[PDB]
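Read the single chain below, which is given as structure tokens and is the form deposited in one PDB entry.
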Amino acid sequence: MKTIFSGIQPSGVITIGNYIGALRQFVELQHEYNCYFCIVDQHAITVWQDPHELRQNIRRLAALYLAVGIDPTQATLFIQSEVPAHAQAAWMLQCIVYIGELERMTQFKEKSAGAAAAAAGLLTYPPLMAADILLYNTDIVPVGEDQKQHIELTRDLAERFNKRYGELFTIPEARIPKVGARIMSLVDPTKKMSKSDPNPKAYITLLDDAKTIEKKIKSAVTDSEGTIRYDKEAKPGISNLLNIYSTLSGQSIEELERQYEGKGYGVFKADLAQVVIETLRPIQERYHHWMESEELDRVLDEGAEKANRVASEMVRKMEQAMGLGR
């Protein structure tokens, strides 16, 4: 089967947009493809972090991913730093990547402009990221359009390493999510729903309680026409709301439009709020079940064990080519 690698940034806050956009699709894909879910804690260490926080988010994220439906026996869920091969492979690749390729990275030139002095990690994470992917012969890397540029570099590195030392790495491919379900901001229909929006009213968290989901959905911006009709550009807000409703309820946008014929927004919002709360309630339950169960570490252990089992052998072949050790 093909292999899919997905890095997860430890922040214990994944939006309903993430869940609708790719996360949920993964709960299904995990049976056909060979999924690798890696909680990249070494990448998260490139910016100031609170030791207690970071450590807490790693558990949350792993717990929340299991809660959403990731099967620890069907897929591999592990913490990056518990697999040393990542740091080892990261170093070797840093030796074949040119300084230019790094300083030209637009994700680099972005944060390297607004500061006096940044961690060298903000300029050297590409080689590490490339390693995360290449270490598992991954074929598909589900990424956003803002990261495509990153997959490009990791592709180049692989190919360059293959020609110089012989075919070993699998040139990965960046596959984008099923198109349409791009959930927009609840306060800015044009802007996308981001976990890092300055306004918490712009997104809904898988952990948001009923009261908040109701408060946030009730504030969702709409328009002045007052009719539940889908239309990207004139009725941005309502269309976004209709999208969220449709994908979480199963009913098409046609059925929903009809179902809310003479209906106003008051009742639409009210109903949408329930379908969201009803979808997250189970997830939230399972989440706490995992958070306070020691079976969590058991899963993370066996995960790091399966990831390492592969990564190690890959790093060993790398060292072989490079000519390190014996």
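Numbers follow the displayed sequence, beginning with 1.
Just so it is clear, the following notes concern the form solved in complex with a small molecule, a form of the same protein that is not shown.
(request) Decide if the three candidate residues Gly7, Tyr125 and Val143 all line the small molecule in the deposited complex, where lining means a heavy atom within 4.5 Å. (result) Result yes, every residue of the spot touches the small molecule.
(request) Name the stretch: of 225 to 233, 95 to 103, 155 to 163, 131 to 139, exactly one has residues whose heavy atoms fall within 4.5 Å of the small molecule in the deposited complex. (result) Only one stretch passes the 4.5 Å heavy-atom test: 131 to 139.
(request) Identify, from the list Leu272, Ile70, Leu64, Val40, the residue with a heavy atom within 4.5 Å of the small molecule in the deposited complex. (result) So the residue touching the small molecule in the deposited complex, by this definition, is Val40.
(request) Consider the chain as shown here, without its partner, and state which of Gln107, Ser81, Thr212, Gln251 has a heavy atom within 4.5 Å of the small molecule in the deposited complex. (result) Spelling it out, the residue with a heavy atom inside the cut-off is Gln107.
(message) With a cut-off of 4.5 Å between heavy atoms, is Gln147 one of the residues that contacts the small molecule in the deposited complex?
(response) Looking in the deposited complex, residue contacts with the small molecule include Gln147, since a heavy atom lies within 4.5 Å.
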